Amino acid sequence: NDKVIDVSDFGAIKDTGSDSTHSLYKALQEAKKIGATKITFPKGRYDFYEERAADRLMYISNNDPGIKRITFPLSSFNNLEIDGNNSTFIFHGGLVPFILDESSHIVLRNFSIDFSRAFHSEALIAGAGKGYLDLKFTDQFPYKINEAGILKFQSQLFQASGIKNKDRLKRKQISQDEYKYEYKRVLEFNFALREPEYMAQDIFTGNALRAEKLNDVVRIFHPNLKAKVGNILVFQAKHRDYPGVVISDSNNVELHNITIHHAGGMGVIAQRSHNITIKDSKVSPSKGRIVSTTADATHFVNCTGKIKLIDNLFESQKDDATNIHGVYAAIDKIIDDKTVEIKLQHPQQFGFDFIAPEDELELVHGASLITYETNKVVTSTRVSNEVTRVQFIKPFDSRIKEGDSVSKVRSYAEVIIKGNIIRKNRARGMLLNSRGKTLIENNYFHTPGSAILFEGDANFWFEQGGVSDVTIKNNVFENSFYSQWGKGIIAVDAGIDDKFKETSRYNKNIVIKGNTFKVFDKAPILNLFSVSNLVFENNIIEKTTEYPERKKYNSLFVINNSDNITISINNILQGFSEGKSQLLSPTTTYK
């Protein structure tokens, strides 16, 4: 039809293991040429390789920039639905499955994304001693130990060809693939619960560990290795070069019933885009794996309109389930009374262009995150993937210094996050850096880090946060924040120096009602600073014994430098040995 295009008409045949990339490409161009509104896959398994994938330079915020090979290069597509009919997609090597670029009204529906060799690696811990672990790898994680004695994971094990010359080039190719499987650090996971081991920490290794094949078993050596035998050691991928679904300068995108088993980086990363829905989808590992995506499950940078995460499962990724936030760029040079040069600060922010004439920017004091003023841009001149020269309509506030920051005033995204399951990932649940109206309703949280974190800073990540209207209602937080890294189940960790906490009110107007908190010890349920107007009422708090109690904590409510904080008497806490009046009484310390 000129309305519905079947990829098989273009040569893509399921269930054979052959490369479907070019057939898919021609089907895409025909859909655009005639204006078809849907591309369908006959249900089956489709494999995509590097050799015939479109190449484009990409800057992708909070991931690694470079030349990308892209299986679905959805540049300037409009009103196009891709229905996989529950096909499974397998990506071989360094591929970005989807990049939506200047596209509009795109629907992705009914398929799964996976890579044939994960970018992270995993092993069974078979033994442990001072300065070493003994590991067992499955076939799924090929590796070599070279003559230098260094463990190096591989894209695949070299199978000889017959033709001697095809072998020399294939070895060189496998050898250059090593970069993609570089590791950075290791983390112990509980075998039975399939989550980071209780009170285990990241152990920084670098990308080279000393190793020996005992002579089936691999011993790795590092002074700081420690782990329980029988658990699973995860090698964290060093790079974020292959995110799953990139949504960039696009609008009205919907993901329905998408399963992202794996990504080199984040599963879904959206930048400078408007209206995004992710519904009935899954971030969850494929067979034999305890880890899903090697970074965040979802992530939104300078997005507008409505961001909806509805009835999804987000489990087992190496970072947060979501983060919705803006970009700060530091004021690097003051040119004249009207003109500055801003510089993107974090490496995975380089190439993020966002300042244009007529834009309004916040001018922000760095150590306090307090806004001096807003000012309109009349000139924006991109000098590099770091520096942009900005001239304002009027001279900027005379208190502004080099080292302060700007962020664009936006129609901040309205956030609706409901019905999701968030568990077994490594870090936090949700970073709520959304200044727009935010609703967190009917989610389940079981996270090692904070289930919900208000962050943002203008000194390292350079991420704009600061909420103005948040409702967290009818959620279950079950034994969340069980790790050693974090400040509470629901916490503020904005980059506000101690000396400015008393005057900065970065997060405002938060309602926390009707939730159930199942907690195993007395770590903070709320750990707040620089908040104005928060009401915590009609919650149920219920003591458990899921994990050993951490003696470091003896306060459910840590409040500093805030105003209008109501920890209502109408909350219910049962199963604690202390009195209700003590348990609801805020402290300034963990105590």
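The numbering used is simple: start at 1 and walk along the sequence shown.
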Residue 398 to residue 399: deposited residues not modelled, binned count -> none
Between 32-40 and 547-555, the record assigns the higher mean Cα B factor to 547-555
Once average C-alpha B-factors are taken from the entry for 266-274 and 329-337, the winner is 329-337
Listed options 343, 256, 213, 435: highest C-alpha B factor recorded at 213
When the entry's CA B-factors for 241, 502, 320, 81 are compared, the highest one belongs to 502
For residue 539, the third of its chain by CA B-factor is the middle
So, residue 571's CA B-factor, relative to its chain, sits in which third? The middle
For residue 577, the third of its chain by CA B-factor is the highest
Chain thirds by Cα B factor, record data; residue 446 belongs to the middle
Entry-reported C-alpha B-factor of residue 109 relative to its chain, by third, is middle
